[PDB]
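Geometric and topological summary
Each chain, written out:
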Amino acid sequence: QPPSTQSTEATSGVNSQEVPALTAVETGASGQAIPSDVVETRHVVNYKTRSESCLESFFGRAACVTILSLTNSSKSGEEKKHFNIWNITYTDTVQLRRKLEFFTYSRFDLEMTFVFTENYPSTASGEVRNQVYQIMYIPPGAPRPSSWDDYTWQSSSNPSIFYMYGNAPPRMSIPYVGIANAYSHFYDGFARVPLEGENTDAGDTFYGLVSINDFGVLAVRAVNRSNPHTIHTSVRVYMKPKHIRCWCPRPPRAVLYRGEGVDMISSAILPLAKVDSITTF
Amino acid sequence: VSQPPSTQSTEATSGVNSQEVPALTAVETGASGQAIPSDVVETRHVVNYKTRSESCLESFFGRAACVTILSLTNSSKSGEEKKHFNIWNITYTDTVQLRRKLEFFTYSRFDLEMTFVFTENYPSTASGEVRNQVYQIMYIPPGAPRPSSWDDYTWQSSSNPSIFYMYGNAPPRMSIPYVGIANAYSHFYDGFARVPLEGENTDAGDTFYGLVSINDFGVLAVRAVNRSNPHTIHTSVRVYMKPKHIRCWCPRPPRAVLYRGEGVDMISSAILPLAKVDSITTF
Amino acid sequence: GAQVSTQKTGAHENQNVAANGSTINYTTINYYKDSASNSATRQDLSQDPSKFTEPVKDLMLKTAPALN
Amino acid sequence: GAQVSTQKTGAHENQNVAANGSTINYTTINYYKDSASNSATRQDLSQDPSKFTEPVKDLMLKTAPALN
Amino acid sequence: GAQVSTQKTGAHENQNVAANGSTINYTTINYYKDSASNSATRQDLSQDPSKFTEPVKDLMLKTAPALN
Amino acid sequence: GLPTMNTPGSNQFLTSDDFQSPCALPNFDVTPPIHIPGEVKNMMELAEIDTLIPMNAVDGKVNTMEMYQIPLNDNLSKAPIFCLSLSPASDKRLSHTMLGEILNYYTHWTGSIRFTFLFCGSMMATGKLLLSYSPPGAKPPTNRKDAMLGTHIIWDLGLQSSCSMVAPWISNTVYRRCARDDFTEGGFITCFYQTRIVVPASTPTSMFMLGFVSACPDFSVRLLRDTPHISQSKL
Amino acid sequence: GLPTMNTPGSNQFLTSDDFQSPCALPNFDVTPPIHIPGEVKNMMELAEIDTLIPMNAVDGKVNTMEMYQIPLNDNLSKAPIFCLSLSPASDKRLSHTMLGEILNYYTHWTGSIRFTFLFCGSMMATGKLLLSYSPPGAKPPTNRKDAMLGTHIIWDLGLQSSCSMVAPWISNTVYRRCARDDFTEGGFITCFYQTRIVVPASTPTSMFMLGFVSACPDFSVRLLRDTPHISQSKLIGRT
Amino acid sequence: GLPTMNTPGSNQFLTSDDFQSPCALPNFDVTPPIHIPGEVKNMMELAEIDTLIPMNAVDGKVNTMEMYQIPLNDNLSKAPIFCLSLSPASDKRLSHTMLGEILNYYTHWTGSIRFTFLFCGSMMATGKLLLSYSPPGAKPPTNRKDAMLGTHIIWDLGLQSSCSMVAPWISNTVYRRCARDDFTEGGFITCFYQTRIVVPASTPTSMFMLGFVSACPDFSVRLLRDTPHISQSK
Amino acid sequence: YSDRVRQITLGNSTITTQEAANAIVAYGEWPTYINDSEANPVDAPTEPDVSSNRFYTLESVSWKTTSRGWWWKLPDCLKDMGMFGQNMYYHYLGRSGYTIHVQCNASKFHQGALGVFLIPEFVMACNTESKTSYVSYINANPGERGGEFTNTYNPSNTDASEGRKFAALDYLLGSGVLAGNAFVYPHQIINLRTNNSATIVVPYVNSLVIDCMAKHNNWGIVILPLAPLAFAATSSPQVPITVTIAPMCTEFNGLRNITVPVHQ
Ligand SMILES: CCCCCCCCCCCCCC(=O)O
Ligand SMILES: CCCCCCCCCCCCCC(=O)O
């Protein structure tokens, strides 16, 4: 059988030199008292468990992490909008990063699902054939395409997915790919150490984990040639960690995020509500 | 691998001139009469192979029913933005046929299957090309944030469950485990969420009574996924539900009159459900 | 790890269990880790109406005068 | 080469002992070469909160004075 | 007629021994008559660098002077 | 990978479907069960409970408490007190009973039906009643004489006041329809006096009787259908 | 060759889906695991950590460090020093403690909750404090007299600087909702002086106490949900 | 017949797929294999082969044969005579060697790197060179002193015409990016004279050294990626 | 053998007290040397032993009744500390655990409390608003001197000079995270009422087995005046706070020419 939470044993009145209800918070230890130490209790049997809050369950759902914008353009301009290159990150989304940021370190495999949706944004509606999209991963160090029709879309090594609109949302599994044994959610350091002969103005984005995060980019394009009647396609990227362990827990952020790091906005330094009094329930 | 039980078989009988007369049985005791044909008439022996399977509760409650209809609209007109967003509480107030069947019991325990049927039409005189739509359904448990609009951050659904459905594929489906905080769902609640006290208003609790005051399992949110098209398109979403793995307790009669509202309220215009006949001796 | 059991009978059966040999067996496999995902249970034909039709303290006999 | 294991219980299930019926079992087969492609793992419900709630070198008993 | 093999490990998996847990197990069946239709082969980690890095007729030792 | 063929019936939504599906809330542990009394396992357990028959729903006595009260008296009569069509689903009065309500969710039914009558007179009241069931397909019971060509019980009013008659399962068919049609003739149930009710001076002269109907243990139903007694405004 | 029938639910994307999928990066050599201190296996392990309660959320204390300081004084008063609604993921004061933050991701919760109080006055100061909990009925106590008619502990201020009270699981339900709800209201916690704080010469007359809250070992949660505690402007796709 | 559910990812094409498929040419006779010499089973077998380093990157020696010829003189000097940034894939001097090119098909790499040098001067000339590797996060090896502080060997010129210096895998990360990631700095490889080259009368006083780079046996690579060194018109 | 009395003996220095709370071993783990099974570099390691694993004192700070806290980075503080400091500049890589002992003496008539929290990866926000993550090396790494917290936020949106600094807000712990949950991190509290000292054993924590100390601060330390300092005197007496730190099981790898970082 799986473990359940502990049962509470039956108790009665106590008159002893034992002090389970008294402690010393200063030690760094939490209080250890349970109802059986403080009040008379009955025997209960606990069949309730905590699987619902295990880390795999906590992090068990896919979340939207970014939105990409692709356009099929019949105009002389906006050819460039046929493809969209995004830095891979989860920091565009606050709900997911907040959950991940409960831990200093994490190790997990990741799976991605994409959802495509499209409309006809122009007043001049007309026939458009069903379109196909290519999702290409460009690893760090790999070349970027300059255009939707750029030769690098050949993908001889870069992995990619060809999705035809209307089929089941495309999907793929990614193994843990850190160069460390665990992913770092936080990094109190610099990518490079400025040395004595260097300028004293020594910030310039070197500070923070952001400066050491290069997981490549995701390049998505429509794979066709322009059609007279244009399309705006929105691609929502979903992520779900899988097989996840974490270490060195930390409290969540109470205020709105400012960019990639832990920077704060002056408009959100006061996260808690006021009350009328200390004595109001 | 065994023979299922059949309904009661009949033994052969003959008339009995005795002091044992089961026909004359009291009901004043609260018991029902138990006589069967072998007790009152001469009978033929009959082997009984008939099985009460459709009457078991799992079968009675084993079919999906439409529960509600949601209206979702996709349009380029700015005044229609709010119509791409549809919020609905889960309740079976909206569906007479299913509510009534559930009512036969005071309490029930079951897992529930949900299926969504989407249908598209043009609500206006527009009829040009639009692109195939995608719909998102996310469930928002009590206490979770609600989206303010169809296009918002809460749609991230990082912890809330959700389904993305492409129009034209098989209707999406999901199983929901029993979610009560009780050991059974209550079909009825003869009580108040809170007890007013210490001299507060004597009318207190007047609008906070009955099952609705304690019934909150969350809300279902459905939204258009696509950016707007020049030609307005409307989708009717039919939500179907089917209980399964079901146990029930404490029988009740079914409602005999037109329901009105969430609870047991009668409608004054329809409290006369029984048909009249011409005579007690009509046949 | 499949389960095998009999089917509800149809038009060409003699209505006896296993009297139709293997004809009436079917195979079912659960594909999910969460039992909520399972298809409906085997019909449970067990029942006991006395809970509602003869809920009495003093056992009643059919031939005895009910009001002894 | 299937794995067979117990399902989490639901509405019509047993005493949450998973020792009552075989109808609570389910099966699965891994279909991909990398384990990263598999389903989420079986839940490990082992816990040890003491490493965060009472990380003290010199152990105190809860009924002892915290400080003597 | 399925064959089985060890899956490559992942994030929550065991040590590099890959010997811990029967759950690391990818199962496969070929569905075509031509083996050209089969999925890719098992990783072959066998290596022989001497063919290209030390194809010396003489026996050369690393500690011995290369010359003499 | 594995070659497959999609047969007809694929990707359809059937409301009677019994296929497995992913759990939206996977690994939710279910709130533990407790014993709750009154567990119901089969709808038949409720069909077998005696329920009052709304027999006197005539001339303003319809949809009132008096609707279930069958009048009786101390006069001379060779006429029926009451008459019911047997069909538990089509008779207007039997349909609106617990048995009829469970039954109305079904199209076919079979088995014997129990009719129990309780006399609520004075203790000093006496008399004897003739209750009978006449199988279908012949001149209806009409008077008290023809009514005896069939199953009957003579109810001698006494301390064990309540009594019952079972309209035995007699049919040509295996099952009968719940739907009214001309073929599925249920037969008739009527009751008339063997003798008038007799009471002593200065006691009530009129009395009421309460009839009940319930399923016998051999009873069953088959195919489910929507119930015609439920209604709603268009949504 | 093998005939098949697609069921409802086919070709849909469920965020709760646990189906297997192809690897985009086959045969990848995964960096080996190492031992890392502080592994967390369950979120509940963090829920059991005692953290401070921002009780003093009155105007001028709210959102500053003084928010966590419960005032105490040697003046004699029968008034309560504090009051809390026991609704750990709703009460403005509790929803942002670590226990509340974990619970903000859950819909339903259960089990006892522990409250620990640390006195930070001088060594020279003494007195006695009454902590009390009552089930969600009758009236919140506004008087020590009623506070006594419930579950309570009297804490001798002394060398053991801290004490705790546990609000036992008393509920009609198995699980209470996190969402504010009258039906599932959790009860009341209050504190009164039993004995005024006694202050000798040269000792300050005002003191602070730090209150803490944590999950007890029997504590559990049922169901995940999104938190109404973090937000952002609408996200617009790069173009 | 058999009830089934299509999952996300259905009816999509992944270039990384490893699925079975029907044969377009049923029952085809594949010409039998023969023992073809020189079999390669793994790309690392090529990574371990010593190839030349195009060290003489000075304008005018670029894209010519002289590109691989490192000049030496008998002139007394304390100057550095060699400066590599190590990153096998991103260093302009290494990215075009076979090791660097193999790595330009990978995102990450590990293991120690070997540098082998060959003296091609007169038989008559002798002397000693300092070959040194200095870990990153430090002032470049400006002079011989700094080179001596780091990991080094002294190559005493004689009959054994070559020598090997190894730059061990000292890294904070397990793997480094192949990409020019300032975070995973290579460190520095340099060379100083240990002593002036001693040249007897009537010999050349200017000679060349060749350098080679190869993978050590603990070397490996990770994810495959497109190489930036090749292109074409649309 | 009471819990209130301790003797800490590392290297060639001993710290004692007649008043302490039992020491915390974060996560229940002691610092150890890297096992062959988890090693990254192949360089035979430098193991300074007593040369590094001894206590050093950071400059004492004064606790005023208006203080909002102090912070230090652990490896940064020890950067100039004798041989430990030299090995940091001589090697690319290095690893150490720590023993941290914090003291603050007070009279029986003083009240107030200092929480001592250790934050693995203590990452503080940029005080510029403007461009994100703009922090200078020099201000990020103050040495044993440390830096402080304020109760006001004033990002220097118009000037980098005050922007190169951290937005060290006390009530959001410099990161946006509420101070009341600081207790999640290993911590011990010095309550002037009773306990005058705190001891915490700190394991090395990273995603790597070993890293470069010149680039990364594995741990930070925060001392927060959770309860105000007070005394009956209106003089609002300040009391010293002394933080004493020793590295543990120190090892270094990757000997290189000694480096010097950008200086003030
Ligand atoms: C074919 C697509 C390959 C995508 C590779 C990148 C996978 C996610 C990298 C980890 C995300 C950052 C985590 C962190 O902040 O520590
Ligand atoms: C992801 C979707 C979650 C849906 C949760 C709601 C499930 C139904 C709640 C129970 C409603 C009352 C049932 C009853 O009357 O017996």
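Below: a short report on this structure. (Residues numbered from 1 in each chain as written, not as in the entry; some residues may be left out. Chains lettered and ligands numbered in written order. Part of a larger assembly, values for the part shown. Heavy atoms only, no water. Residues with missing side-chain atoms left out of burial classes, pairs and counts.)

On to the overall build of chain I. Looking only at helices and strands, chain I has four helices and 13 strands in total. If one aligns the C-alpha atoms of chain I with their principal axes, the spans along those axes are about 60 × 60 × 30 Å. Long-range pairs, those at least 24 residues apart, make up 83% of the contacts in chain I between residues at least 6 apart in sequence. (Helix = DSSP H or I, 4+ residues; strand = E, 2+ residues; numbered from the N terminus. Contact = heavy atoms within 4.5 Å.)

Right, let's talk about the overall build of chain B for a bit. Scanning chain B for helices and strands turns up three helices and nine strands. For chain B, the N- to C-terminal ordering of α and β elements is α-α-β-β-α-β-β-β-β-β-β-β. Whereas a compact globule of 283 residues would reach a radius of gyration of roughly 19 Å, chain B reaches 27 Å, over 25% beyond that. Judged by the C-alpha coordinates and their principal axes, chain B covers about 90 × 60 × 50 Å. When each of the 283 residues of chain B is scored for burial, the buried share is 54%. Partitioning the contacts of chain B with sequence separation of at least 6, the portion at a separation of at least 24 is 79%. Per element, the accessible surface of chain B, about 12200 Å² overall, is 49% carbon and sulfur. (Rg over C-alpha atoms; globule rule 2.2 N^0.38 Å. Buried < 20%, exposed > 50% of the residue type's maximum accessible area, 1.4 Å probe, protein only. Areas by Shrake-Rupley, 256 points an atom, 1.4 Å probe, with all protein chains shown as cover.)

Residue and element names in this part refer to chain F. One open sheet holds the three strands; their spatial order is β11-β6-β14, and the pairing between them is antiparallel. Looking at the sheet topology across the chains shown, the edges are occupied by β11 (176-177) and β14 (220-221). With two bridges joining them, strand β6 (residues 108-110) and β14 adopt antiparallel strand pairing. Its bridge partner lying in β14, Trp109 is registered against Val221. (Pairing = 2+ DSSP bridges.)

All names here are of chain A. With respect to spatial proximity, the complete set of residues near ligand 1 consists of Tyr90, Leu110, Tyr137, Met172, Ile174, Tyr183, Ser184, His185 and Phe215. Between ligand 1 and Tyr90 there is a distance of 3.0 Å, counted from an oxygen atom to a side-chain nitrogen or oxygen. A distance of 2.8 Å separates an oxygen atom of ligand 1 from a polar atom in the backbone of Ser184. For the shell around ligand 1, the secondary-structure elements that each account for two or more residues are β7 (171-174) and β8 (183-184). Within the shell around ligand 1, the residues separate by chemical class into seven nonpolar, two polar and no charged. (Near = heavy atom within 4 Å. Polar contact = N/O pair within 3.5 Å; in protein donor to acceptor, adjacent residues only side chain to side chain. Nonpolar A, V, L, I, M, F, W, Y, C, P; charged D, E, K, R; others polar.)

Taken together, the side chains of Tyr31 of chain C, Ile29 and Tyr31 of chain E, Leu2 of chain F, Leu2 of chain G together with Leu2 of chain H present a nonpolar region at the surface, about 540 Å² in accessible area. Turning to its location among the elements, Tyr31 of chain E is positioned in the loop between β2 (26-28) and α1 (50-53). (Patch = residues over 30% accessible without salt bridge, like charges linked within 9 Å, V, L, I, M, F, W, Y side chains within 5 Å. Salt bridge = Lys/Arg side-chain N within 4 Å of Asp/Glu carboxyl O.)

With 95 residues of chain G at the contact, the number on the chain A side is 91 residues. By residue class, the composition of the side of chain G that touches chain A is 54 nonpolar, 27 polar and 14 charged. Both strand β10 (residues 231-249) of chain A and strand β3 (residues 39-40) of chain G contribute to a ladder of two bridges, which runs antiparallel. Pairing of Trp247 of chain A across the sheet is with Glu39 of chain G, part of β3 of chain G.

On to the site of ligand 2. Residues and elements named next belong to chain B. Of all residues adjacent to ligand 2, which total 14 residues, the nearest are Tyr92, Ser108, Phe110, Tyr139 and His187. The contact in question runs from an oxygen atom of ligand 2 to an N or O atom on the side chain of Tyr92, over 3.4 Å. For ligand 2, an oxygen atom lies 3.3 Å from a polar atom in the side chain of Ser108. Those elements giving two or more residues to the shell around ligand 2 turn out to be β3 (105-121) and β6 (173-176). Considered class by class, the residues forming the shell around ligand 2 number 12 nonpolar, two polar and no charged.

This part takes up unusual backbone geometry. The residue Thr205 of chain A is not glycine, and still its phi comes out positive at about 70°. Along the chain, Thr205 of chain A turns up in the loop between β8 and β9 (217-222).

Moving on, we get to the sheet that holds strand β9 (residues 126-134) of chain G. Residues and elements named next belong to chain G. As summarised here, the arrangement of the four strands in space is β6-β13-β9-β10, forming an open sheet in which the pairing is antiparallel. The open sheet is flanked by β6 (80-85) and β10 (151-156), the only strands paired with a single partner. If you compare each strand with its neighbour and ignore which way they point, the axes differ by 15° on average. Pairing of β9 with β10, which is carried by six bridges, proceeds in the antiparallel orientation. Across the sheet, the residue bridging to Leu129 is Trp155, located in β10. (Axes fitted to C-alpha atoms, helices over the stretch in contact; angles between N-to-C directions.)

Attention now goes to the environment of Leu224 of chain H. Mapped onto the fold, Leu224 of chain H is located in the segment after β14 (220-221). A relative accessible area of 41% means that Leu224 of chain H is categorised as partly exposed. Along the backbone, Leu224 of chain H and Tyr106 of chain H are 118 residues apart, and their C-alpha atoms lie at a distance of 4.5 Å. Excluding anything up to four places from it in sequence, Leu224 of chain H contacts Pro139 and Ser157 of chain A together with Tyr105 and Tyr106 of chain H.

It is worth spelling out the pattern of salt bridges at this point. With the rule as written, the count across this model stands at 56 salt bridges over all chains. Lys242 of chain A is the salt-bridge partner of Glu111 of chain A, the closest N and O atoms lying 3.2 Å from each other. A residue pair is termed long-range when its members are at least 10 positions apart, and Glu111 of chain A in strand β4 (residues 103-119) and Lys242 of chain A in strand β10 qualify at 131 residues. Here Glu111 of chain A falls in the buried class, since its relative accessible area comes to 4%. Accessibility expressed as a relative area gives 2% for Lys242 of chain A, which makes it buried. The salt bridge involving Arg171 of chain A is made with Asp17 of chain G; its shortest N-O contact spans 2.9 Å. One end of the pair, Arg171 of chain A, is in strand β7; the other, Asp17 of chain G, is in the loop between β2 (13-14) and β3, on a second chain.

What follows concerns the packing of aromatic side chains. Counted according to the given criterion, the structure contains 51 aromatic pairs over all chains. Aromatic pair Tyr178 of chain B and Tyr185 of chain B: ring centres 4.4 Å apart, planes at 40°, arrangement tilted. With respect to class, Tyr178 of chain B is no different from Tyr185 of chain B; both count as buried. Aromatic side chains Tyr240 of chain B and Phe13 of chain F sit 5.4 Å apart centroid to centroid with 75° between the ring planes, which places their arrangement in the edge-to-face category. Of this pair, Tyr240 of chain B sits in strand β9 (residues 233-251) while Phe13 of chain F sits in the loop between β1 (4-6) and β2 (39-40), placing the two residues on different chains. On the basis of relative accessibility, which here comes to 15%, the residue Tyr240 of chain B falls in the buried class. An aromatic cluster is present here, built from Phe58, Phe59, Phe102 and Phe103 of chain A together with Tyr105 of chain G joined pairwise through their rings. Looking at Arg223 of chain B, its charged tip hangs above the ring of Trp155 of chain B, at a distance of 4.3 Å from the centre. (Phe/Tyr/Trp six-rings, centres within 6.5 Å; stacked < 30°, edge-to-face > 60°. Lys NZ or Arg CZ within 6 Å of the ring centre and 35° of its normal.)

Tracing the chain through its elements places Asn227 of chain A in the loop between β9 and β10. Residues contacting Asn227 of chain A, with those up to four places away along its chain left out, are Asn72, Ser74, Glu127 and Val128 of chain A.

Turning our eyes to something else, we now look at the side chain of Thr53 of chain C. With respect to the helices and strands, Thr53 of chain C occurs in helix α1 (residues 50-53). Among the residues examined, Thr53 of chain C registers a relative accessible area of 3% and is labelled buried. When sequence neighbours within four positions are dropped, the list of residues in contact with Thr53 of chain C reads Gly30, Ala31, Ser32 and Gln34 of chain B together with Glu45, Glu48 and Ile49 of chain F.

Further remarks concern the nonpolar core. Ranked by internal contacts, the top residues of the largest apolar core, which has 228 residues, are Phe82 and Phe115 of chain G together with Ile100 and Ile223 of chain I. For this core, the element with the most residues is β10 of chain A, which contributes nine residues. When near neighbours in sequence (up to four residues on either side) are disregarded, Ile223 of chain I contacts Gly69, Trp70, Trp72, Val102, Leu114, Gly115, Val116, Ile241 and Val243 of chain I. Grouped together as the second largest cluster of nonpolar side chains are 96 residues, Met174, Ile176 and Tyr178 of chain B together with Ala167 of chain F included. (Core = buried A, V, L, I, M, F, W, Y, C linked by side-chain atoms within 4.5 Å.)

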